[PDB]
Amino acid sequence: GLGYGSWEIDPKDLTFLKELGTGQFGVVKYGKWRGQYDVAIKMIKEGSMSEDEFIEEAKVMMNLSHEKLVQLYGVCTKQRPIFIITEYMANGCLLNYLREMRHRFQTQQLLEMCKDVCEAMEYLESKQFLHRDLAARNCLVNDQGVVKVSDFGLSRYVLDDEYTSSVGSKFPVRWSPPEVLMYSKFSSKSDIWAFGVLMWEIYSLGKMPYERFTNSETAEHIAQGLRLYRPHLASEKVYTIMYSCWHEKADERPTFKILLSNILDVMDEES
Ligand SMILES: *CCC(=O)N1CCC[C@H](c2cnc(Oc3ccc(Oc4ccccc4)cc3)c(C(N)=O)c2)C1
């Protein structure tokens, strides 16, 4: 109402029920909108974000819409701390879920998690939008077991320099291609490299990539041309798909449309 814009949510409409965890920006909570609809509420700690820039980008993000993309309900900004509001994802982050051994997953289930993420990424590529930090720690799982992509684009507005640069002690070295580590060259083909590393995390049931090395030692291995190798649960056809994402030359890596084609073909052959 008077005079909220179409991207702005009134905090008086929220009821708070349970605490979910603590991330880099602060606390995340579960509650209800207007007494009836489930939501997650991310509360941004003071001093941590370029807030005017994020607000302008939130207007664009509201117009993105896909079933395998976590859906943004709005933001609360006439206050401090600002809140970010989305749908509630009952089974948490993908990394923690993979590590629970009680699930005893079949390989048919692991291939469907890869297809879910590939569908979301094909949509973003169609709109010229980069994720910039894709990894299992950033995907979420709902009550029906469906995987969705979140925190897309968010790294652009973080002020702490430890996470922002190649030298930084919190930068995602283990998810980055050679041309990012040497020259800071970002493109659709650095998102492709990160997706291949995500397939590896799924088939290894949540292991840390390059688990025996430091970040410094990993950057040197990559520049000498060496690579991750085949997880025990991956067929020769599945390994061929994830390896294709790591070509030394960027322009020889596939698109998200082609990868999705490759994944449907294996599903039909292996089941
Ligand atoms: C691996 C452990 C972990 O990370 N989690 C378990 C505790 C609950 C955590 C969680 C975090 N957020 C969240 O919902 C949101 C996600 C993103 C968000 O902001 C953006 C920014 C840019 C683009 C899209 C979204 C706001 C809320 C949930 C949840 N929905 O249930 C859970 C995950």
# chains A, B, ... in the order shown; residues from 1 in each chain; ligands from 1
>>> select_by_dssp(residues="range 38-214 of chain A", states="strand (DSSP E)", output="list in words")
residues 38, 39, 40, 41, 42, 43, 72, 73, 74, 75, 76, 83, 84, 85, 86, 139, 140, 141, 147, 148 and 149 of chain A
>>> write_last_selection(atoms="C-alpha atoms", output="mmCIF file, in the first residue's frame")
data_model
loop_
_atom_site.group_PDB
_atom_site.id
_atom_site.type_symbol
_atom_site.label_atom_id
_atom_site.label_comp_id
_atom_site.auth_asym_id
_atom_site.auth_seq_id
_atom_site.Cartn_x
_atom_site.Cartn_y
_atom_site.Cartn_z
ATOM 1 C CA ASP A 38 6.088 -20.419 4.771
ATOM 2 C CA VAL A 39 9.252 -18.310 4.253
ATOM 3 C CA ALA A 40 12.973 -18.061 4.974
ATOM 4 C CA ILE A 41 14.290 -14.636 6.163
ATOM 5 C CA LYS A 42 17.974 -13.730 5.729
ATOM 6 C CA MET A 43 19.067 -10.812 7.992
ATOM 7 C CA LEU A 72 12.602 -14.330 -4.353
ATOM 8 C CA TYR A 73 9.510 -12.872 -2.620
ATOM 9 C CA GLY A 74 10.958 -9.419 -1.868
ATOM 10 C CA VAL A 75 13.155 -7.239 0.409
ATOM 11 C CA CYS A 76 12.576 -5.061 3.532
ATOM 12 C CA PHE A 83 15.933 -8.536 5.155
ATOM 13 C CA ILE A 84 15.863 -10.836 2.100
ATOM 14 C CA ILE A 85 12.717 -13.073 1.780
ATOM 15 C CA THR A 86 12.349 -16.464 -0.107
ATOM 16 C CA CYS A 139 22.237 -25.243 -3.608
ATOM 17 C CA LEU A 140 19.135 -26.138 -1.460
ATOM 18 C CA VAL A 141 16.745 -29.155 -1.183
ATOM 19 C CA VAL A 147 17.369 -29.442 -5.830
ATOM 20 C CA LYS A 148 17.344 -25.635 -6.654
ATOM 21 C CA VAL A 149 20.113 -22.983 -7.222
#
>>> closest_atom_pairs(of="chain A", to="ligand 1", cutoff="9 Å", atoms="only C-alpha atoms and all ligand atoms", output="JSON lines")
{"residue": "A:19", "atom": "CA", "partner": "ligand 1", "partner_atom_place_in_ligand_line": "8 (C)", "distance": 8.7}
{"residue": "A:20", "atom": "CA", "partner": "ligand 1", "partner_atom_place_in_ligand_line": "8 (C)", "distance": 5.0}
{"residue": "A:21", "atom": "CA", "partner": "ligand 1", "partner_atom_place_in_ligand_line": "7 (C)", "distance": 4.8}
{"residue": "A:22", "atom": "CA", "partner": "ligand 1", "partner_atom_place_in_ligand_line": "7 (C)", "distance": 7.2}
{"residue": "A:23", "atom": "CA", "partner": "ligand 1", "partner_atom_place_in_ligand_line": "4 (O)", "distance": 7.0}
{"residue": "A:27", "atom": "CA", "partner": "ligand 1", "partner_atom_place_in_ligand_line": "11 (C)", "distance": 8.6}
{"residue": "A:28", "atom": "CA", "partner": "ligand 1", "partner_atom_place_in_ligand_line": "11 (C)", "distance": 5.9}
{"residue": "A:29", "atom": "CA", "partner": "ligand 1", "partner_atom_place_in_ligand_line": "8 (C)", "distance": 7.8}
{"residue": "A:30", "atom": "CA", "partner": "ligand 1", "partner_atom_place_in_ligand_line": "31 (O)", "distance": 7.3}
{"residue": "A:39", "atom": "CA", "partner": "ligand 1", "partner_atom_place_in_ligand_line": "30 (N)", "distance": 7.0}
{"residue": "A:40", "atom": "CA", "partner": "ligand 1", "partner_atom_place_in_ligand_line": "30 (N)", "distance": 4.8}
{"residue": "A:41", "atom": "CA", "partner": "ligand 1", "partner_atom_place_in_ligand_line": "27 (C)", "distance": 5.7}
{"residue": "A:42", "atom": "CA", "partner": "ligand 1", "partner_atom_place_in_ligand_line": "27 (C)", "distance": 5.0}
{"residue": "A:43", "atom": "CA", "partner": "ligand 1", "partner_atom_place_in_ligand_line": "26 (C)", "distance": 8.5}
{"residue": "A:58", "atom": "CA", "partner": "ligand 1", "partner_atom_place_in_ligand_line": "22 (C)", "distance": 8.3}
{"residue": "A:61", "atom": "CA", "partner": "ligand 1", "partner_atom_place_in_ligand_line": "23 (C)", "distance": 7.6}
{"residue": "A:69", "atom": "CA", "partner": "ligand 1", "partner_atom_place_in_ligand_line": "24 (C)", "distance": 8.5}
{"residue": "A:70", "atom": "CA", "partner": "ligand 1", "partner_atom_place_in_ligand_line": "24 (C)", "distance": 6.6}
{"residue": "A:71", "atom": "CA", "partner": "ligand 1", "partner_atom_place_in_ligand_line": "24 (C)", "distance": 7.3}
{"residue": "A:72", "atom": "CA", "partner": "ligand 1", "partner_atom_place_in_ligand_line": "25 (C)", "distance": 6.3}
{"residue": "A:83", "atom": "CA", "partner": "ligand 1", "partner_atom_place_in_ligand_line": "26 (C)", "distance": 8.3}
{"residue": "A:84", "atom": "CA", "partner": "ligand 1", "partner_atom_place_in_ligand_line": "26 (C)", "distance": 5.1}
{"residue": "A:85", "atom": "CA", "partner": "ligand 1", "partner_atom_place_in_ligand_line": "26 (C)", "distance": 5.6}
{"residue": "A:86", "atom": "CA", "partner": "ligand 1", "partner_atom_place_in_ligand_line": "27 (C)", "distance": 5.2}
{"residue": "A:87", "atom": "CA", "partner": "ligand 1", "partner_atom_place_in_ligand_line": "30 (N)", "distance": 5.3}
{"residue": "A:88", "atom": "CA", "partner": "ligand 1", "partner_atom_place_in_ligand_line": "31 (O)", "distance": 4.2}
{"residue": "A:89", "atom": "CA", "partner": "ligand 1", "partner_atom_place_in_ligand_line": "31 (O)", "distance": 3.8}
{"residue": "A:90", "atom": "CA", "partner": "ligand 1", "partner_atom_place_in_ligand_line": "31 (O)", "distance": 6.1}
{"residue": "A:91", "atom": "CA", "partner": "ligand 1", "partner_atom_place_in_ligand_line": "31 (O)", "distance": 7.8}
{"residue": "A:92", "atom": "CA", "partner": "ligand 1", "partner_atom_place_in_ligand_line": "6 (C)", "distance": 4.6}
{"residue": "A:93", "atom": "CA", "partner": "ligand 1", "partner_atom_place_in_ligand_line": "1 (C)", "distance": 4.3}
{"residue": "A:94", "atom": "CA", "partner": "ligand 1", "partner_atom_place_in_ligand_line": "1 (C)", "distance": 6.7}
{"residue": "A:95", "atom": "CA", "partner": "ligand 1", "partner_atom_place_in_ligand_line": "1 (C)", "distance": 5.8}
{"residue": "A:96", "atom": "CA", "partner": "ligand 1", "partner_atom_place_in_ligand_line": "1 (C)", "distance": 5.6}
{"residue": "A:97", "atom": "CA", "partner": "ligand 1", "partner_atom_place_in_ligand_line": "1 (C)", "distance": 8.5}
{"residue": "A:136", "atom": "CA", "partner": "ligand 1", "partner_atom_place_in_ligand_line": "1 (C)", "distance": 8.2}
{"residue": "A:137", "atom": "CA", "partner": "ligand 1", "partner_atom_place_in_ligand_line": "1 (C)", "distance": 5.1}
{"residue": "A:138", "atom": "CA", "partner": "ligand 1", "partner_atom_place_in_ligand_line": "4 (O)", "distance": 6.7}
{"residue": "A:139", "atom": "CA", "partner": "ligand 1", "partner_atom_place_in_ligand_line": "4 (O)", "distance": 8.3}
{"residue": "A:140", "atom": "CA", "partner": "ligand 1", "partner_atom_place_in_ligand_line": "33 (C)", "distance": 6.9}
{"residue": "A:141", "atom": "CA", "partner": "ligand 1", "partner_atom_place_in_ligand_line": "31 (O)", "distance": 8.3}
{"residue": "A:142", "atom": "CA", "partner": "ligand 1", "partner_atom_place_in_ligand_line": "31 (O)", "distance": 8.2}
{"residue": "A:149", "atom": "CA", "partner": "ligand 1", "partner_atom_place_in_ligand_line": "24 (C)", "distance": 8.2}
{"residue": "A:150", "atom": "CA", "partner": "ligand 1", "partner_atom_place_in_ligand_line": "24 (C)", "distance": 4.9}
{"residue": "A:151", "atom": "CA", "partner": "ligand 1", "partner_atom_place_in_ligand_line": "23 (C)", "distance": 3.8}
{"residue": "A:152", "atom": "CA", "partner": "ligand 1", "partner_atom_place_in_ligand_line": "23 (C)", "distance": 4.7}
{"residue": "A:153", "atom": "CA", "partner": "ligand 1", "partner_atom_place_in_ligand_line": "22 (C)", "distance": 6.3}
{"residue": "A:154", "atom": "CA", "partner": "ligand 1", "partner_atom_place_in_ligand_line": "22 (C)", "distance": 5.0}
{"residue": "A:155", "atom": "CA", "partner": "ligand 1", "partner_atom_place_in_ligand_line": "22 (C)", "distance": 8.8}
>>> atom_distance(atom1="CA of residue 54 in chain A", atom2="CA of residue 158 in chain A")
9.6 Å
>>> atom_distance(atom1="CA of residue 125 in chain A", atom2="CA of residue 201 in chain A")
22.2 Å
>>> atom_distance(atom1="CA of residue 203 in chain A", atom2="CA of residue 184 in chain A")
29.1 Å
>>> residues_around(residues="residue 127 in chain A", least_positions_apart="3", cutoff="12 Å", atoms="only C-alpha atoms", output="NGL selection string")
:A and (60-61 or 63-66 or 120-124 or 130-131 or 188)
>>> write_last_selection(atoms="C-alpha atoms", output="short mmCIF file (atom, residue, chain, number, x, y, z; two decimals), in the first residue's frame")
data_model
loop_
_atom_site.label_atom_id
_atom_site.label_comp_id
_atom_site.auth_asym_id
_atom_site.auth_seq_id
_atom_site.Cartn_x
_atom_site.Cartn_y
_atom_site.Cartn_z
CA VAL A 60 15.79 -7.17 -11.90
CA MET A 61 15.97 -10.40 -9.90
CA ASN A 63 11.56 -10.84 -12.76
CA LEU A 64 13.56 -14.08 -13.00
CA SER A 65 11.30 -17.15 -12.72
CA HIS A 66 12.04 -20.88 -13.11
CA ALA A 120 18.41 -23.77 -13.73
CA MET A 121 21.79 -22.83 -15.23
CA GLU A 122 20.46 -23.15 -18.87
CA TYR A 123 17.76 -20.60 -17.92
CA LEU A 124 20.25 -18.09 -16.44
CA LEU A 130 26.27 -15.21 -14.40
CA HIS A 131 26.14 -17.01 -11.03
CA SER A 188 29.95 -18.04 -19.09
#
>>> select_by_dssp(residues="range 11-258 of chain A", states="alpha helix (DSSP H)", output="ChimeraX atom specification")
/A:51-61,94-99,107-126,178-183,188-203,215-223,236-243,256-258
>>> residues_around(residues="residue 222 in chain A", least_positions_apart="6", cutoff="12 Å", atoms="only C-alpha atoms", output="ChimeraX atom specification")
/A:173-182,210,213,215-216,228,246-248
>>> residues_around(residues="residue 230 in chain A", least_positions_apart="6", cutoff="10 Å", atoms="only C-alpha atoms", output="compact mmCIF listing (two decimals) with C-alpha atoms, in the first residue's frame")
# COMPACT_ATOMS: atom_id res chain seq x y z
CA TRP A 200 32.26 -34.32 -8.83
CA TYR A 203 29.24 -38.44 -7.12
CA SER A 204 31.79 -38.34 -4.20
CA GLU A 236 32.56 -44.03 -17.77
CA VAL A 238 29.12 -39.78 -16.57
CA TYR A 239 32.87 -39.07 -16.10
CA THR A 240 33.14 -38.10 -19.78
CA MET A 242 32.14 -33.80 -16.03
CA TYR A 243 35.66 -33.95 -17.60
>>> residues_around(residues="residue 14 in chain A", least_positions_apart="5", cutoff="8 Å", atoms="only C-alpha atoms", output="PDB file with N, CA and C atoms, in the first residue's frame")
ATOM      1  N   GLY A  31       9.739 -18.646   9.302  1.00  0.00           N
ATOM      2  CA  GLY A  31       8.510 -18.015   9.796  1.00  0.00           C
ATOM      3  C   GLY A  31       7.355 -18.085   8.803  1.00  0.00           C
ATOM      4  N   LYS A  32       6.321 -17.255   9.016  1.00  0.00           N
ATOM      5  CA  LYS A  32       5.151 -17.196   8.123  1.00  0.00           C
ATOM      6  C   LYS A  32       4.859 -15.772   7.602  1.00  0.00           C
ATOM      7  N   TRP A  33       4.382 -15.669   6.357  1.00  0.00           N
ATOM      8  CA  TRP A  33       3.894 -14.400   5.784  1.00  0.00           C
ATOM      9  C   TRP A  33       2.365 -14.339   5.867  1.00  0.00           C
ATOM     10  N   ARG A  34       1.849 -13.313   6.534  1.00  0.00           N
ATOM     11  CA  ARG A  34       0.411 -13.137   6.674  1.00  0.00           C
ATOM     12  C   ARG A  34      -0.265 -14.381   7.277  1.00  0.00           C
ATOM     13  N   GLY A  35       0.388 -14.973   8.273  1.00  0.00           N
ATOM     14  CA  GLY A  35      -0.196 -16.041   9.082  1.00  0.00           C
ATOM     15  C   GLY A  35      -0.384 -17.392   8.396  1.00  0.00           C
TER      16      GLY A  35
END
>>> closest_residue(among="A:77, A:261, A:36, A:224", to="residue 52 in chain A", atoms="only C-alpha atoms")
A:77
>>> closest_residue(among="A:115, A:99, A:18, A:253", to="residue 68 in chain A", atoms="only C-alpha atoms")
A:115
>>> residues_around(residues="residue 254 in chain A", least_positions_apart="2", cutoff="12 Å", atoms="only C-alpha atoms", output="ChimeraX atom specification")
/A:122,188-193,195-196,241-247,249-252,256-262
